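A single chain, nothing else alongside it, follows as structure tokens in the form solved without the ligand.
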């Protein structure tokens, strides 16, 4: 079973402290892309990985527990399929014209202004986004959507955030 299969994966990846650190995450993500010649990437760097862990570390242990890793891992597998699916010219990267359809397929309906800002921060000079950049951006987008949703208690579409909360959300990510 996939549940039995996942505990085994996590158990082996987590190791001695029973949690997945940024380094352990980096190593497994780099092993995976190595098996996919259709995914162009300069590799998952340690900083990108420290960022992914921080943003997914709900309980501030500094590392990823079973549930935190299960959530991240399931998303990455779903997003990896979308990436292959929307790279219609097989450039191994998500071009600017390919980006909106890929994000929308992922469940994020943004606007032209936001898509342009995403491209300015996450794509290269040619306007192309490689695999590690794509996954890194989606992990953060999903987390920022979840953070806003949880702060929007009244369902008014506006949130109030104090300086302490602001610093915690932006610095630990």
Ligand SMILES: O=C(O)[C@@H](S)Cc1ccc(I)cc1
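Basically, rigid core = biggest C-alpha set you can superpose within 1.5 Å across the two forms. Numbering follows the first chain given and starts at 1.
In 5 other deposited structures of this protein, superposed on the rigid core, the segment with the larger root-mean-square CA displacement between 147 to 155 and 21 to 29 is 147 to 155. Per the PDB record, of the two stretches 41 to 49 and 126 to 134, 126 to 134 carries the greater mean B-factor over its C-alpha atoms. Across the two stretches, 24 to 32 and 55 to 63, the PDB entry reports the greater mean Cα temperature factor for 55 to 63. When the C-alpha B-factors of 81, 88, 72, 102 are ranked from the entry, the top spot goes to 88. Per-chain ranking of the deposited C-alpha B factor places residue 156 in the lowest third. Among the modelled residues of its chain, residue 118 has a C-alpha B-factor that falls in the middle third, as given in the PDB entry. Residue 142 sits in the lowest third of its chain by CA B factor, as recorded in the PDB entry. Per-chain ranking of the deposited C-alpha B factor places residue 169 in the middle third.
Heads up, the form solved in complex with the ligand isn't pictured, but that's what we're talking about next.
The stretch in contact with the ligand in the deposited bound form, judged by heavy atoms within 4.5 Å, is 26 to 34, chosen from 103 to 111, 26 to 34, 116 to 124, 137 to 145. Not one of 10, 58 and 69 is positioned with any heavy atom within 4.5 Å of the ligand in the deposited bound form. Contact annotation for residue 88: none of its heavy atoms lies within 4.5 Å of the ligand in the deposited bound form. Taking the partner from elsewhere, residue 49 is found to have every heavy atom lying beyond 4.5 Å of the ligand in the deposited bound form.
Shown here without the ligand, the chain has no residue in 137 to 169 lying with a heavy atom within 4.5 Å of that partner in the deposited bound form.
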